[PDB]
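Coordinate inspection notes
The primary structure of each chain is shown beneath.
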Amino acid sequence: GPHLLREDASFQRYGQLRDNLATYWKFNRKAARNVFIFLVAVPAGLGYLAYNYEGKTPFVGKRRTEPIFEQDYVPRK
Amino acid sequence: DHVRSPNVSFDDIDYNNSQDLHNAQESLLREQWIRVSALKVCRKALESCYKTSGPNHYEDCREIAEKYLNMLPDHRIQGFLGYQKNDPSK
Amino acid sequence: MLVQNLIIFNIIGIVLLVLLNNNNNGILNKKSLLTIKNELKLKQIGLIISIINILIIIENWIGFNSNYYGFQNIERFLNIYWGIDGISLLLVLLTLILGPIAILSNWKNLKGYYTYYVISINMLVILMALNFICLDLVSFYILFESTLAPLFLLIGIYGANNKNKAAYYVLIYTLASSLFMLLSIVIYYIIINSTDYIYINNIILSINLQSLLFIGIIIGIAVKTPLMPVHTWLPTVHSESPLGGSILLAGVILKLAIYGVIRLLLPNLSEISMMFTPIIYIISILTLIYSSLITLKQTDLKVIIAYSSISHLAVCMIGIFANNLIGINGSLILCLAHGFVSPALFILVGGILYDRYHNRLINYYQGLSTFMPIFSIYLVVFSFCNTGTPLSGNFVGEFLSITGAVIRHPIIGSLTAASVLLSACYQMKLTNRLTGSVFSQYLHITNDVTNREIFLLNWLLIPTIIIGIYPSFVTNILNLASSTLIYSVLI
Amino acid sequence: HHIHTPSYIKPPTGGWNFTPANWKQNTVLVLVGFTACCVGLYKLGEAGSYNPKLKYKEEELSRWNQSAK
Amino acid sequence: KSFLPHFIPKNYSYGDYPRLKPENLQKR
Amino acid sequence: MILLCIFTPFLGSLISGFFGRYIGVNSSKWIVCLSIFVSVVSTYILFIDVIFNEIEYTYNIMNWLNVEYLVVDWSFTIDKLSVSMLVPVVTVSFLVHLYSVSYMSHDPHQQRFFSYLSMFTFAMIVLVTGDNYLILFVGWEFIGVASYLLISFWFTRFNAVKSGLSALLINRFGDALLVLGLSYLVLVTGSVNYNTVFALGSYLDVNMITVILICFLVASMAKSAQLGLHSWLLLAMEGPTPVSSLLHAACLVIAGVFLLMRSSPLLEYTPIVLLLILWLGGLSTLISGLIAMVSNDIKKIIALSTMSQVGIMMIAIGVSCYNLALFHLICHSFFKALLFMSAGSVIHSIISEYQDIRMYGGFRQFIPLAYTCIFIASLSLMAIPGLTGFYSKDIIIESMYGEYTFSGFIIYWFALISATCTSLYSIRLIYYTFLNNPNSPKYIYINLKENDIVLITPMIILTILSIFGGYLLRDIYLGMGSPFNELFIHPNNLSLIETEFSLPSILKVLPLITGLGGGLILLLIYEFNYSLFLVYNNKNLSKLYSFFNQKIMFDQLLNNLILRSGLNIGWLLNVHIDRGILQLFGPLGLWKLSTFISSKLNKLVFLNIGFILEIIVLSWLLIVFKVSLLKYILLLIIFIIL
Ligand SMILES: CCCCCCCCCCCCCCCCCC(=O)OC[C@H](COP(=O)(O)OCCN)OC(=O)CCCCCCCCCCCCCCCCC
Ligand SMILES: CCCCCCCCCCCCCCCCCC(=O)OC[C@H](COP(=O)(O)OCCN)OC(=O)CCCCCCCCCCCCCCCCC
Ligand SMILES: CCCCCCCCCCCC(=O)OC[C@H](COP(=O)(O)OCC[N+](C)(C)C)OC(=O)CCCCCCCCCCC
Ligand SMILES: CCCCCCCCCCCC(=O)OC[C@H](COP(=O)(O)OCC[N+](C)(C)C)OC(=O)CCCCCCCCCCC
Ligand SMILES: CCCCCCCCCCCC(=O)OC[C@H](COP(=O)(O)OCC[N+](C)(C)C)OC(=O)CCCCCCCCCCC
C-alpha cells in the first residue's frame with residue numbers, strides 16, 4: 001500500500017538472521033552438550049519419575065491412620 | 001419418556017451378537033452414572049450437615065463423612081472396556 | 001442424510017463457481033461483470049455456501065440424543081458408513097463455523113484469484129468436517145490426507161515470501177508421518193478383515209502387536225498436533241500461509257490429532273495406551289515447557305502465536321490420555337476453546353497488523369494503544385483468554401486437563417500446572433510490548449480496526465466466554481460419549 | 001491545552017479529557033439505567049438467597065447420620 | 001564499574017552478519 | 001441484599017468503561033463512586049445480620065462445572081469470615097475512589113482509571129465471597145488482571161509498563177501453584193466446595209493435607225509479598241497513588257492472608273506448613289523494616305511497612321491464632337490506607353511533585369492537616385497504647401512468646417525488632433518530610449498549600465477509624481470464647497490464655513520502650529548530631545547502608561540470575577534444538593544428504609556400452625553368491641556411495 005511502516009535495514013538484517021539461525025549451527029562440543037541435556041538427560045529424569053510412581057500413589061480419599069498431636073509433654077530441664 | 005437401563009451383563013451374552021454386546025456396554029455405563037448420582041446426594045447431606053452443625057460437625061456428620069470417603073474411590077465412571085476385555089476369574 | 005447432503009450440495013457449489021468464472025477464458029479479452037470489486041459476486045456465493053453448511057449440521061443436531069449410547073445418524077454413502085456421536089458432533093460444528101470466518105478474514109487481502117481461494121477454503125472445511133463422521137480407519141485416513149492436496153496449493157499460491165519453504169514442509173512432514181499410520185491401518189485390515197470402528201474396538205490384540213500398531217499411529221498423530229520433536233513444520237507453515245490457511249490450520253487441522261487418539265487409539269488399543277501414557281506425558285510435558293521457553297526468544301509475530309498453539313495442544317494431549325472423565329472432557333473443551341482463541345490471535349497479529357504494515361518483526365511495534373485503542377482492547381482480552389484466565393473456555397479446558405493429569409499421575413501430572421505460569425510469560429511479554437511505551441517511531445498512523453475485523457473478533461470471542469461461564473452446553477453433549485473411552489477394572 | 005488528536009481516536013473511555021456537549025442529558029439516562037436494575041439486583045437477591053443453616057432441622061440430620069451408618 | 005549481563009557471548013560467527021561488541025542499550 | 005453487595009461495583013466498572021465517552025469525565029467518576037457506596041451500605045447491613053445475629057446468606061446463580069462427581073456452582077455465600085473481609089475491602093475502596101476524584105483530576109484518562117479501580121474492587125469481593133475455591137480463584141486471577149492494568153496505567157512510561165508485567169508474572173507464578181493445590185483437592189476429596197472439604201479435614205492423610213497447603217502457601221507468598229516473591233511489591237509504586245492506597249491496604253496484598261485463614265479447617269491438621277508460615281512471616285517482618293530505615297522514596301517506605309505488617313499477620317497464622325490475624329488484617333487496612341493517602345497529599349502539595357524525602361523538610365507548618373493524619377496514622381502503626389494498632393499488633397507479638405516453643409521464641413525477637421524498626425522508620429519519615437531544615441527551594445515553600453476538601457474528607461474518616469476502631473471491634477475477634485467457627489482453632493493450639501496471663505510484665509512494655517525510647521534517640525541525632533549519619537565516610541557503614549538500600553540485593557539477584565538464566569534456556573533451546581538438531585535431523589540435514597546422494601546418482605546416467613555391460617555382468621554374481629552374503633554386498637554398496 002502506502003508503506004505505512006518505515007523499514008529499517010538493520011531491523012531487516014537482524015530479523016532475517018533470527019529466522020535463519022539453522023544455517024550457521026554447528027554440531028560442535030557446545031551444541032552436543034546442550035542436545036544431550038535437553039533431549040536425553042532431562043527426558044530420562046522425567047522418564048524415571050513417571051514409571052517409578054506408576055500406580056504407586058493411591059491418593060483418592062486417602063485416610064489418616066496416625067495421630068498428629070502429642071498426648072504428654074516432657075520439659076527440657 | 002424416561003428410558004431405563006437394559007440390565008445385561010457381559011457374562012451372559014455372545015459378543016458375536018452385535019445388539020447384545022451393545023446392551024451390555026450400555027448397561028455397565030448406566031449403572032456407574034447412577035453411583036455417581038448417589039455419591040453426589042451423599043455429598044449434599046455432608047454439606048448440609050456441616051453447615052447446620054457448626055462446631056458439632058465432627059460428631060454429627062461422622063458417619064456421613066465416613067461413607068463419602070469410602071464411596072469416593074469407586075463411585076466414579078470406570079468405562080465398560082475394562083470389564084468387557086478382562087475375565088476376573090481367570 | 002447429513003453426509004449425502006453435505007457432499008452433494010458442496011459439489012454443486014464448486015461446479016457453480018467454476019462455471020460462472022471460467023465461461024470467458026477463451027480469448028474473449030473482455031471485462032466481464034463478475035470480476036468487478038475483486039470478484040465480489042463469486043466471493044459472496046462462496047460465503048453463502050459456507051453458512052449453508054452450518055445449517056445442514058444443525059438439522060441433524062435437533063434430532064441428536066445426548067442420552068443414547070452409540071453412533072447416531074448412521075448412514076451409508078459411497079460404500080462408507082457415516083455416523084455421529086457427542087464428540088464428533090461438536091467438532092463438526094466447530095469446523096463448519098470457522099468456514100465463513102476463513103473466507104471473511106481474506107475478504108480483501110488477496111492479490112487475486114478469489115474464486116480459487118474460496119473453493120479451496122470450502123473444500124478444506126468439508127474434508128475436515130467429513131473426517132469426524134467417518135466410521136472406519138481407512139475412511140479416516142482418506143479424509144486425513146485428502147486435505148494435503150488443496151492446502152499445499154493454497155500455501156504456495158497465496159503465501160508469504162517463504163511460501164515455497166512452507167508448502168514443502170506441510171506436504172512432506174504430514175504425508176511421511178501419516179504413511180506410518182497407514183501401515184497400522186493395513187495391519188488391522190489384514191488380521192481382522194475390517195477397519196470398522198465398532199468391529200475393531202472389541203478385538204484384543206497381542207501386547208507386542210499393540211505396541212507396533214500404537215507406534216505407527218502415534219507417529220502420524222504426534223506430527224499433526226504437533227508434539228516435540230516433530231513440531232518444526234508448524235511455525236514455518238503458520239508464518240507463510242495465508243490468513244485463512246492459518247485459521248483452518250490453527251482451528252481444525254490440529255484438532256484432528258486429538259480425535260485420532262479418541263478413535264484410533266483409546267477404544268481399540270486400550271491395553272497398550274496405559275503402557276504408553278508415561279511416555280506420552282513426558283513427551284507432552286516437555287513439549288509444553290520447551291515451546292513456552294522457546295516462544296520467549298521469537299521475533300516474528302505470527303511465529304510467536306504458532307508456538308503458543310503448540311504449548312496448549314500439549315495440554316490437550318495430556319488430558320485426552322488421562323483415563324478419567326475429568327481429563328477427557330477438559331481436553332475436549334480446551335480443543336474447542338483453542339479453536340476460537342487461536343484463530344483470533346492470528347487475525348490480530350497476522351490479519352490486522354500485517355494488512356496495514358506488511359511486516360511481522362516484533363521490533364517495529366509498540367505503544368499501539370495510543371492510536372489503535374480498539375485493537376488494544378481485543379488484543380488484551382484475547383491475550384488473557386490465551387493464558388487461561390477464568391471466565392474463558394481456555395481456563396475450563398486447562399483446569400480440567402491439569403486436574404485430569406493429576407488424578408491420572410499425581411507425581412508427573414503436577415508439572416502440567418506450569419502451563420499457567422509459562423503461557424502468561426510469553427503471551428503477556430508480547431502484549432505488554434504492543435500496548436506499552438510511546439507509539440512506535442517506525443509506524444505511520446492509519447485506520448483502526450474496521451467493521452469486518454471487529455465482526456471476526458467478536459464472533460470468536462463470544463463462543464469462548466459462553467463456554468467459559470457455562471461449559472455444560474458442551475459437557476452435556478460429551479458426557480455419554482466420553483465415558484466409553486475409560487479403561488479400568490477395579491476390584 | 002495540548003493536542004489530543006480527537007478527530008479519529010474515540011475509545012469507549014473517552015480519549016484525553018472528553019466530555020460531550022450533551023453530557024447532562026446522557027448522565028440522567030445512565031443514572032436512571034443504573035438505578036433501575038440496581039433495584040433489579042435487589043429484587044433478584046431477596047428471592048434467590050437463603051440461609052444454609054436453617055434449611056434442615058437438627059432432627060432431620062440425626063436420622064441421616066444413623067441411616068448412613 | 002558497568003558490566004554486561006550474563007550469557008552474552010564474547011564472539012559470534014553468523015556468516016556475513018556484522019560483528020560488533022555487545023552494547024547494553026539500557027545504560028545509554 | 002447479597003446480590004447488591006457483590007455485583008454493584010461491577011456495574012460501576014462497566015459504566016465508566018463503555019459509557020465514559022458519553023457521560024464525560026466528571027459524571028463518570030461520581031457514578032462509579034455511587035456504585036461502590038451502594039456496596040458499602042449493603043455490606044454494613046449484612047455485617048449486622050451475620051456477625052450479630054448469626055445469619056448466613058447464599059445465592060446460587062447456576063452451575064459452573066458438572067463433570068461427573070466434580071460439581072462446581074456459581075454460588076456466593078456470606079458468613080462471619082466473608083463479611084468481615086468485606087468491611088476493609090468495600091469501605092477502603094469507597095474512601096479510595098472518593099479520594100481519587102480530586103487526586104486524578106489533572107489526568108487526561110480518568111474514565112479508564114475509575115473503570116480499572118472499580119473492576120479491581122469487584123474482583124476482590126468475588127474472591128472473599130465465593131462458596132468454593134474455584135470461585136475464589138476467579139477473583140484471585142482478576143485481582144492480578146486489574147493490578148496489572150493499574151500499575152501500568154501510565155503506559156507511555158517505560159517503568160510503569162515493565163512494573164505491571166512484573167506484578168502479573170510473579171502472581172501468575174503463584175496462580176500456577178494455586179491451581180495445582182485445587183487439582184490435588186479434587187484428587188483427594190473430589191470437591192472444591194468449602195462445605196465438603198472442611199468437613200473432611202480431620203480424616204484426610206497428613207501428606208495430602210500438606211501438599212495442598214504448600215501449594216496454597218506459595219500462592220499466598222506471591223500476593224502478600226512475603227519473602228521470595230516480594231519483588232513486585234515495590235515496583236507496584238509506579239501506579240497512581242490511589243492504586244497504592246487500595247492494593248496495599250484492604251486488597252491484593254491481603255489476599256494471601258485470606259487464603260490461609262479460609263483454609264484453617266485444613267491448615268490446622270498439618271503442623272509442618274504452619275511452621276513454615278511462621279518462619280516466612282518472621283523473616284519478612286525483619287527484612288522489610290531494615291530496608292525501610294534507609295529508603296528515601298516516601299511511597300517505598302510506606303510500601304515496605306505494608307510488607308512488614310502483612311508478615312505480622314503471617315506469624316499469627318503460624319501459631320494458629322487465626323482470630324488475631326483477621327483482626328490485625330482489618331485494622332491495618334484503615335491506618336495504612338491513611339498513610340498512603342496522606343503521602344499522596346504531600347506529593348501533590350509540593351509544586352515540584354518530588355517523592356524523595358531528602359528533598360523535603362520543614363513542611364509541618366505549611367501543611368498542618370497532612371502532618372496530623374500522618375502523625376496519628378504512624379502512631380496507630382507504631383501500636384501506641386490506646387490506638388487501633390495497639391489492640392491488634394501488641395497481642396500478636398506477645399503471642400510469639402506465648403507459644404513457648406523454639407520457633408516462637410526466635411520469631412518473637414524478629415517481631416520485636418520489626419516493632420522497634422517500625423518506630424524508627426516512622427520517625428525518620430516524619431523528620432525528613434516535616435521537621436528537617438528545608439531542602440527544597442524557597443519558591444516551593446511560598447506555594448506549599450493544602451489540597452481541596454474532596455482529598456481531605458476520606459483522610460479524616462480514616463483518621464477516626466485509626467483512633468477508636470480497634471477498641472470497638474476488639475471483643476468480636478479477640479474476646480475469649482467468641483464464636484468464629486469459620487476460623488477453626490484446634491483445642492491443642494489454643495494459646496490465647498497463656499499469652500494473656502503468663503507473660504512477664506517487662507515483655508508487656510518491652511516493644512513500647514524500645515520503639516519510644518529508640519525513636520527519641522534517633523530524633524535527637526538528626527536534629528543535633530547529624531554528623532553520625534554521614535555514612536559515606538565509613539566504608540563498612542557505606543556497604544551496610546548500600547546492602548539494605550538495595551533491598552538485601554534481592555532484585556539484582558532475581559533479575560541478573562533467575563530471569564537471565566530463564567531467558568537463556570529458551571535461547572539455548574531455540575539455538576541448539578529448534579534451529580539446531582531438529583534441522584540437522586530435519587529439512588536442512590536431509591537436504592545436504594539428498595544433494596550428496598543425488599549428485600552421485602547423476603554421474604551414473606550416461607550412454608556408454610561398457611558401463612551397462614559391466615553392471616549387467618556384475619549382477620550375475622548375485623546368482624553365484626550364496627544369499628547369506630547379501631548384507632555384505634549391501635554394506636559394500638554404501639561404502640561406494642561415499
Ligand atoms: C465480550 C463478549 C460478550 C459476551 C460477554 C457476556 C457473555 C454472556 C454472559 C452469560 C453467559 C451465558 C451463560 C448463561 C446462559 C444461560 C445458561 C442456562 O441455561 O441457565 C440455566 C439455569 C439452570 O438450568 P435449569 O435449572 O435446568 O432451568 C432451565 C431449563 N432450561 O437456570 C438459571 O437459573 C438461569 C440463571 C442465569 C443467570 C444469569 C447468567 C448470566 C451471567 C451472570 C452469572 C455469571 C457467573 C457469575 C460470575 C461473576 C464473577 C465471578
Ligand atoms: C524428529 C524428526 C525426525 C525426522 C528426521 C529423519 C531423518 C534422520 C536422518 C538424518 C541424517 C541426515 C542428516 C545429516 C546428513 C548430512 C549429509 C552431509 O552433510 O553430507 C555428509 C557427506 C558429504 O560431505 P559434505 O556435506 O559436503 O561436508 C561435510 C559437512 N560436515 O556425505 C555423507 O557422509 C552422507 C552419507 C552418504 C550417504 C549414506 C546413504 C545411506 C543410505 C541412505 C540413508 C537413508 C536410507 C533410506 C532407505 C530408503 C530410501 C528409499
Ligand atoms: C469435494 C470434492 C471436490 C473435487 C473437485 C475439485 C475441483 C475441480 C476444479 C476443476 C475446475 C478448474 O480447474 O477450475 C478452476 C477453479 C477456479 O479457478 P479461477 O479462479 O476461476 O481460475 C482463474 C480464471 N480467471 C483468470 C478468469 C479468473 O479452481 C478450482 O476449482 C480449484 C479447486 C482445486 C484445487 C485443489 C486441487 C487438488 C487436487 C487433488 C484433490 C484431492
Ligand atoms: C471483568 C471484566 C471487565 C469488563 C469491563 C471492564 C471495563 C472495560 C474498559 C473498556 C475501555 C478501555 O479501557 O479501553 C479503551 C482505553 C482507551 O484509553 P482511554 O483511557 O480512553 O485513553 C485514550 C488515550 N489512548 C488512546 C492513548 C489510550 O484503553 C485502551 O485502549 C488502553 C490499552 C489497554 C486496553 C485495556 C483493555 C481492558 C480489558 C480488560 C480485560 C479483562
Ligand atoms: C518419521 C518421523 C516424522 C518425520 C516426518 C517427515 C519429515 C521429513 C523432513 C522434512 C523434509 C522437508 O520438509 O523437505 C523440504 C525441504 C526444504 O528445505 P528448505 O528449508 O527449503 O532448505 C533447503 C534449501 N536450502 C538449504 C538451500 C535453503 O527439502 C529438502 O530438504 C529436500 C530433501 C528431501 C528429503 C525428504 C525425505 C523425507 C523422509 C521422511 C522419513 C525419514
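Chain by chain, residues are numbered from 1 following the written sequence, and this numbering need not agree with the entry; no residue without coordinates is displayed. The naming scheme follows written order: chains are lettered A onward, ligands numbered 1 onward. Scope of values: the displayed chains only, which are part of a larger assembly. Heavy atoms throughout the structure, all of them, feed into the side-chain values; hydrogens and water do not.

Method of determination, as annotated in the archive: cryo-EM, at 2.9 Å resolution.

1. Focus on the overall build of chain A
Helix and strand content of chain A: two helices and zero strands. Both definitions apply: the radius of gyration is a C-alpha atom measure, and the globule rule equals 2.2 Å times residues to the power 0.38. Taking 11 Å as the expected radius of gyration for a compact globule of 77 residues, we find that chain A reaches 29 Å, considerably beyond that expectation. Overall size of chain A, expressed as C-alpha extent along the three principal axes, is 85 × 40 × 35 Å. For every residue, the accessible area obtained with a 1.4 Å probe (protein chains only) is divided by the maximum for its type, and the residue is called buried under 20%, exposed over 50%, and partly exposed between those limits. Here chain A holds 77 residues, and the buried ones make up 25% of them. Note on areas: these come from Shrake-Rupley sampling with a 1.4 Å probe, and a residue is covered only by the protein chains present in the view. Total accessible area on chain A stands at roughly 6,000 Å², and carbon and sulfur atoms take up 54% of it. For helices the rule is a DSSP run of H or I covering at least 4 residues; for strands it is a run of E covering at least 2, with both sets numbered from the N terminus onward.

2. Digging into the pairing of strand β2 (residues 80–84) of chain C
Residues and elements named next belong to chain C. In terms of burial, β2 is largely enclosed, as four of its five residues are buried. One requirement defines pairing of two strands: DSSP has to find at least two bridges between them. Pairing of strand β1 (residues 72–77) with β2 involves four bridges; the strand directions are antiparallel. Bridging from a neighbouring strand, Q72 pairs with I84 of β2. Hairpin connection between β1 and β2: a loop of two residues separates the two successive antiparallel strands, and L78 in this loop has a positive phi of roughly 55°.

3. Topic: the packing of aromatic side chains
For this analysis, a ring pair means two rings from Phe, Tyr or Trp (six-membered ring only for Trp) whose centres lie within 6.5 Å, classed as stacked if their planes differ by under 30 degrees, edge-to-face if by over 60, and tilted for the remaining angles. One pass over the structure, following the stated rule, counts 67 aromatic pairs over all chains. For the ring pair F38 of chain A and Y290 of chain C, a centre distance of 5.7 Å and an interplane angle of 75° mean the geometry is edge-to-face. One end of the pair, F38 of chain A, is in helix α2 (residues 29–52); the other, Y290 of chain C, is in helix α13 (residues 270–296), on a second chain. On the basis of relative accessible area, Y290 of chain C is assigned to the buried category, the value being 5%. A centroid spacing of 6.1 Å and a plane angle of 80° characterise the contact between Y431 of chain F and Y432 of chain F, whose relative ring orientation is edge-to-face. The burial state of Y431 of chain F is the same as that of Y432 of chain F; both residues are buried. Through a chain of ring-to-ring contacts, three or more aromatic side chains come together here, namely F395 and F399 of chain C together with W64, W74 and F137 of chain F.

4. Details of the site of ligand 2
It suffices for a single heavy atom of a residue to lie within 4 Å of a molecule or strand for the residue to be listed as near it. Lining the immediate environment of ligand 2, one finds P229 and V230 of chain C together with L584, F585, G589, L590, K592, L593, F596, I597 and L642 of chain F. Ligand 2 sits at the junction of chains C and F, each of which supplies nearby residues. Relative to its unbound accessible surface of 1,300 Å², ligand 2 loses 40% to contact with the protein. Throughout this entry, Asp, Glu, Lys and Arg are counted as charged residues, while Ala, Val, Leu, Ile, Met, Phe, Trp, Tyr, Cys and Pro are counted as nonpolar. The remaining residues, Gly among them, count as polar. For the shell around ligand 2, the class distribution of residues is nine nonpolar, one polar and one charged.

5. Overview of the site of ligand 3
All names here are of chain C. Taken together, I14, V18, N21, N22, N25, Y113, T115, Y116, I119, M123, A149 and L153 make up all the residues around ligand 3. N22 is positioned such that a nitrogen or oxygen atom in its side chain is 3.3 Å from an oxygen atom of ligand 3. Within 3.5 Å is the distance limit for a polar contact, defined as a pair of N or O atoms, with the added protein rule that one can donate a hydrogen and the other accept it, and that residues adjacent in sequence qualify only through two side-chain atoms. One of the backbone nitrogen or oxygen atoms of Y116 is found 3.4 Å away from an oxygen atom of ligand 3. If ligand 3 stood free it would expose 1,000 Å²; the protein chains cover 56% of that surface.

6. Looking at the interface of chain A and chain F
Between two residues, a contact is recorded if the distance between any of their heavy atoms is within 4.5 Å. The partner chain F presents 29 residues to the 21 residues of chain A that form the contact. Defined in terms of a 1.4 Å probe, buried area is the accessible area two parts forfeit on being brought together, summed over both. A combined buried area of about 2,300 Å² lies between chain A and chain F, and 70% of that area is made up of carbon and sulfur atoms. What makes a salt bridge here is a side-chain nitrogen of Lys or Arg within 4 Å of a carboxyl oxygen of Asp or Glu, nothing more. Between chain A and chain F we count zero salt bridges in total. Linking chain A with chain F are eight residue pairs in polar contact. Only α1 (9–19) and α2 of chain A provide two or more residues apiece to the side of chain A that touches chain F. The element that contributes the greatest number of residues to the side of chain A that touches chain F is α2 of chain A, accounting for six residues. Class assignment for the residues of the side of chain A that touches chain F results in 12 nonpolar, three polar and six charged.

7. Quick word on unusual backbone geometry
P226 of chain C follows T225 of chain C through a cis peptide bond whose omega is -5°. Among the secondary structure elements, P226 of chain C is positioned in the loop between α9 (207–224) and α10 (233–240). Cis rather than trans, the peptide bond between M228 of chain C and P229 of chain C has omega equal to 0°. Summarising the element assignment, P229 of chain C is placed in the loop between α9 and α10. We note that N17 of chain D has phi near 65°; this positive angle belongs to a residue other than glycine. With respect to the helices and strands, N17 of chain D occurs in the segment before α1 (23–48).

8. Focus: the interface of chain F and chain C
Chain F puts 48 residues into the contact, and the matching count from chain C is 53 residues. When the two sides are added together, the surface that chain F and chain C hide from each other amounts to roughly 4,600 Å², 73% of it contributed by carbon and sulfur. When the area that chain F buries against chain C is broken down by residue, the three leading residues are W64, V67 and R172 of chain F, summing to 13%. Joining chain F to chain C, the criterion identifies zero salt bridges. Broken down by secondary-structure element, the contributors of at least two residues to the side of chain F that touches chain C are β1 (57–67), β2 (70–78), α5 (133–151), α6 (158–189) and α25 (554–584) of chain F. For the side of chain F that touches chain C, the element with the most residues is α6 of chain F, which contributes 16 residues. For the side of chain F that touches chain C, the per-class residue count stands at 33 nonpolar, nine polar and six charged.

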